[PDB]
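A.B. asks: This is the structure I have questions about; it appears just below.
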Amino acid sequence: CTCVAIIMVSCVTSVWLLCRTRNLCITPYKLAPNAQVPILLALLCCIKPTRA
Amino acid sequence: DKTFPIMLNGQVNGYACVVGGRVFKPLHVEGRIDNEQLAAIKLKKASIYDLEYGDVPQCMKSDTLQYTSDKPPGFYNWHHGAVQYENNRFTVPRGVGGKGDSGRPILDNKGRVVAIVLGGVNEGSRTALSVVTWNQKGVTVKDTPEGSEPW
Amino acid sequence: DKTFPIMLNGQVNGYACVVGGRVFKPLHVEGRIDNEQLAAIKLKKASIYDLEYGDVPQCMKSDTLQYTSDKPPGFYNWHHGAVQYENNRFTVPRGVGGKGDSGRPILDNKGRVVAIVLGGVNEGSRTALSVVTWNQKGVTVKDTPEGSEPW
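From first to last, the protein sequence lines are chains E, F and L. Under the deposited numbering, the first sequence is numbered contiguously, ending at residue 420. Under the deposited numbering, the second sequence is numbered contiguously, ending at residue 261. Under the deposited numbering, the third sequence is numbered contiguously, ending at residue 261.
Written as structure tokens, this is what we have:
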């Protein structure tokens, strides 16, 4: 019961910092939809594909 | 142009602007927009990059267009006057620099918005403005000079 | 006259008419009446006749007078033209008959309301109205053509 608490806390903390990294991927680029997008930051580091 | 202000108990303390595809609102003010179509939108908070949500449909969208690349240090228009500066913001005289002027857009000669002010009350003989802009390749950055109070 | 609109998300999608004693608002539309004296009225559901409670205060009772039977085919006015038929309404031409219009009174030459428009967007060469009507001895009916999409 102590071992499943470590595997639950560290799971929801690592994906919490990953969700912050996912969120900060976009707000440089959702603010200017006319700007072009590199192919490295589209699918490798972040999730958003090319749209519009 | 279209730039609706922000109300709080009658007095004017903030301004909200509409760009192509989105709406903006500064975080240094609290209040409700008097427009009913602009009040039911889920405005989500963000960092200093100032991400908001333009959930309004197309039929009133794109009152003005955001500025492209190739920014000179030439003439730029302003609600109280004019500014001629690209790296920093111009040393405008007094009068402008009061309270509640946050969110007023800075436009070019061709009616295209360049920067949105957020601070810089009074910095002596030369007054600077803390604005957001796109630095070199369209990435939206925030510029703040030294000692910039929230204005 | 008096016909206050109903606004959902700022835009206008329908109109609520006030007949003598009772305010009639269609329920196929949704929203809130902008009047503070009418938004406090309770909403009572019905069939597609679309009743609402006549809690109108005594200061401003009897806004409009309804019209009973003995109705000639005649010529009857309309907000975007005229309708000249008794059993149904006139097949009005295209253009008139858009969206966000259902709820208009149809009045006589004396100003007596005889119908309330609900449906009938497109009916071939000319669009045919789907209104509520009072029958040969003063009972409210609903008259629809075949395949009439509502507003």
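Idealized CB from N, CA, C, for every residue including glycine.
#1: Excluding sequence positions up to five away, which residues of its chain have a Cβ less than 6 Å from the Cβ of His189/F?
#2: Using a Cβ-Cβ cutoff of less than 8 Å, which residues in the same chain neighbour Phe114/L once the five nearest sequence positions on both sides are dropped?
#3: Would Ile151/L pass as a contact of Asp160/L if the rule is Cβ separation under 8 Å?
#4: How is the alpha helix (DSSP H) around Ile415/E delimited, first residue to last?
#5: Excluding the 5 residues preceding and the 5 following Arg236/F in the sequence, name in chain order all residues of the same chain whose CB lies nearer than 8 Å to its CB.
#6: Using 10 angstroms around the beta-carbon of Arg199/F, count the other beta-carbons present and answer buried if the total reaches 16, otherwise exposed.
#7: With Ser240/L as the anchor, note down where its beta strand (DSSP E) starts and where it stops.
#8: Beta carbons nearer than 7 Å to chain L: which residues of the segment 148–180 of chain F have them?
#9: Quick one: what does DSSP say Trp261/F is sitting in, helix, strand or coil?
#10: Enumerate, from N- to C-terminal direction, the unbroken beta strand (DSSP E) stretches of 3 or more residues contained entirely within the segment 163–246 of chain F.
#11: Among the residues of its own chain, which have a CB less than 6 Å from the CB of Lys181/F, if the five just before and after it don't count?
#12: Leaving out the 5 sequence neighbours to the left and right, which residues in its chain are closer than 7 Å to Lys154/L when beta-carbon positions are compared?
#13: Using a Cβ-Cβ cut-off of less than 9 Å, give me the residues of the segment 228–258 of chain F that come near chain E, in sequence order.
#14: In whole angstroms, give me the CA-to-CA distance for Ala373/E and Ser382/E.
#15: Which word fits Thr389/E, buried or exposed, when buried means at least 16 other C-beta atoms lie within 10 angstroms of its C-beta?
#16: Consider the Cβ of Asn123/L: report whether some Cβ of chain F lies at a distance smaller than 8 Å.
#17: Below 8 Å on the Cβ atoms is my guess for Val223/L versus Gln176/L; work out the distance and round it to an integer in Å.
#18: Give a yes or no on whether 8 Å exceeds the smallest Cβ distance from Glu196/F to chain L.
#19: Going by the CB atoms, is the gap between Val206/F and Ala225/F shorter than 8 Å?
#20: I'd like to know whether the C-beta atoms of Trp261/F and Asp218/F end up nearer to each other than 8 Å.
#21: Do you know offhand how far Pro406/E's Cα is from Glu140/L's?
#22: For the putative contact between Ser240/F and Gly229/F, defined by C-beta atoms under 8 Å, what is the C-beta separation to the nearest angstrom?
#23: Find the residues of chain B that neighbour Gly205/F, judging by a C-beta separation of less than 9 Å, and give them in chain order.
#24: Which ranges does the beta strand (DSSP E) cover as unbroken runs of at least 3 residues, wholly within the segment 115–146 of chain L, from first to last along the chain?
#25: Going by alpha carbons, who is nearest to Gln246/L out of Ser179/L, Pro255/L, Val133/L?
#26: Does chain E have any CB closer than 8 Å to the CB of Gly131/F?
#27: When Cβ atoms are compared, which residues of the segment 380–414 of chain E fall closer than 9 Å to chain F?
#28: Quick one: Cα of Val133/F to Cα of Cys371/E, how far?
#29: How long is the line joining the alpha carbons of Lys171/L and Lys112/L, rounded to whole angstroms?
#30: State yes or no: is the beta carbon of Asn187/L nearer than 8 Å to at least one beta carbon in chain F?
#31: Once you ignore the five residues that flank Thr250/F on each side, which residues in its own chain have a CB closer than 7 Å to its CB?
#32: How about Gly120/L: is its C-beta nearer than 8 Å to some C-beta of chain F?
#33: So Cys414/E and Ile394/E are supposed to be a Cβ contact under 8 Å. How far apart are they, rounded?
#34: Tell me whether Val251/L sits in a helix, a strand or coil according to DSSP, three-state version.
#35: Report the three-state DSSP secondary structure of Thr395/E (helix, strand or coil).
C.D. replies: Quick look at the numbers:
#1: Along the second sequence, one-based indexing puts residue 189/F at 79. When the five nearest sequence neighbours on each side are left out, the beta carbons in the same chain lying within less than 6 Å of the beta carbon of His189/F are those of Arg214, in order along the chain.
#2: The residue you call residue 114/L lines up with position 4 of the third sequence. Closer than 8 Å at Cβ, skipping near neighbours: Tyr125, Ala126, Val128, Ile143, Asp144, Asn145, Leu148.
#3: If you number the third sequence from 1, residue 151/L lands on position 41. If you number the third sequence from 1, residue 160/L lands on position 50. No. Outside cutoff.
#4: Residue 415/E sits at position 47 when you count from the first residue of the first sequence. First-last for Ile415/E: undefined, no H or E at that position.
#5: Along the second sequence, one-based indexing puts residue 236/F at 126. Here the set comprises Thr201.
#6: Here residue 199/F refers to the residue found at position 89 of the second sequence. Around the beta carbon of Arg199/F, a 10 Å sphere encloses 16 or more other beta carbons of the protein chains shown; the residue is thus reported as buried.
#7: For the purposes of this step, residue 240/L is identified with residue 130 of the third sequence, where counting begins at 1. Unbroken beta strand (DSSP E) run through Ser240/L: 240–244.
#8: Under the 7 Å Cβ criterion, the segment 148–180 of chain F contributes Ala150.
#9: As a working note, residue 261/F is residue 151 in the second sequence. Per DSSP, reduced to three states, the secondary structure at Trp261/F is coil, with no helix or strand assignment.
#10: The segment 163–246 of chain F contains, as complete beta strand (DSSP E) runs of 3+ residues, the segments 215–217, 223–229, 240–244 (chain order).
#11: On the second sequence, position 71 is the one that residue 181/F refers to. Excluding sequence neighbours, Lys181/F sits near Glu196.
#12: As a position in the third sequence, residue 154/L is number 44, starting the count at 1. Cβ neighbours of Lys154/L beyond the five flanking positions: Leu161, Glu162, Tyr163.
#13: Those residues of the segment 228–258 of chain F that come within reach of chain E (Cβ to Cβ, closer than 9 Å) are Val242, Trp244, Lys247, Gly248, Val249, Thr250, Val251.
#14: On the first sequence, position 5 is the one that residue 373/E refers to. On the first sequence, position 14 is the one that residue 382/E refers to. Those two C-alpha atoms are separated by around 14 Å.
#15: The sequence position of residue 389/E within the first sequence is 21, counting from 1. Exposed, because fewer than 16 other Cβ atoms sit within 10 Å of the Cβ of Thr389/E.
#16: The residue given as residue 123/L occupies position 13 in the third sequence. Under the Cβ criterion of 8 Å, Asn123/L is not counted among the residues facing chain F.
#17: As a position in the third sequence, residue 223/L is number 113, starting the count at 1. As a position in the third sequence, residue 176/L is number 66, starting the count at 1. About 6 Å separates the two Cβ atoms, so the contact holds.
#18: In the second sequence, counting from the first residue as 1, residue 196/F sits at position 86. No, because no Cβ of chain L sits closer than 8 Å to the Cβ of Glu196/F.
#19: In the second sequence, residue 225/F corresponds to position 115, counting from 1. In the second sequence, residue 206/F corresponds to position 96, counting from 1. The beta carbons of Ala225/F and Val206/F sit no closer together than 8 Å.
#20: Mapped onto the second sequence, residue 261/F falls at position 151. Mapped onto the second sequence, residue 218/F falls at position 108. At least 8 Å separates the beta-carbon of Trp261/F from that of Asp218/F.
#21: Against the first sequence, residue 406/E aligns to sequence position 38. Against the third sequence, residue 140/L aligns to sequence position 30. Going from the Cα of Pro406/E to the Cα of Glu140/L covers about 45 Å.
#22: Here residue 240/F corresponds to residue number 130 of the second sequence, with the count starting at 1. Here residue 229/F corresponds to residue number 119 of the second sequence, with the count starting at 1. About 4 Å; that satisfies the 8 Å criterion.
#23: Absent from the structure is chain B; the protein chains it does hold are E, F and L.
#24: You should have 121–128.
#25: The residue you call residue 246/L lines up with position 136 of the third sequence. Per the Cα distances, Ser179/L.
#26: Numbered from 1 along the second sequence, position 21 holds the residue referred to as residue 131/F. Interface residue, yes.
#27: Residues of the segment 380–414 of chain E that bring their beta carbon within less than 9 Å of a beta carbon in chain F comprise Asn391, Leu392, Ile394, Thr395, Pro396, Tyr397, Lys398, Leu399, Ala400, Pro401, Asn402, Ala403, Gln404, in sequence order.
#28: Working through the second sequence from its first residue, we reach residue 133/F at position 23. Working through the first sequence from its first residue, we reach residue 371/E at position 3. Approximately 47 Å, taken between the alpha carbons.
#29: If you number the third sequence from 1, residue 171/L lands on position 61. If you number the third sequence from 1, residue 112/L lands on position 2. Those two C-alpha atoms are separated by around 12 Å.
#30: Taking the first residue of the third sequence as 1, we reach residue 187/L at position 77. Not an interface residue.
#31: As a position in the second sequence, residue 250/F is number 140, starting the count at 1. Only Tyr159, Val242, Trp244 meet the Cβ criterion.
#32: Position 10 of the third sequence, counting from 1, holds the residue named residue 120/L. For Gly120/L, the nearest beta carbon of chain F is closer than 8 Å to its own beta carbon.
#33: By 1-based counting over the first sequence, the position of residue 414/E is 46. By 1-based counting over the first sequence, the position of residue 394/E is 26. Contact between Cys414/E and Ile394/E holds, since their C-beta atoms are separated by about 7 Å, short of 8 Å.
#34: Taking the third sequence and counting its residues from 1, one reaches residue 251/L at position 141. When secondary structure is reduced to three states using DSSP, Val251/L falls in the strand class.
#35: Position 27 of the first sequence, counted from the first residue, corresponds to residue 395/E. Residue state, collapsed to three classes: coil.
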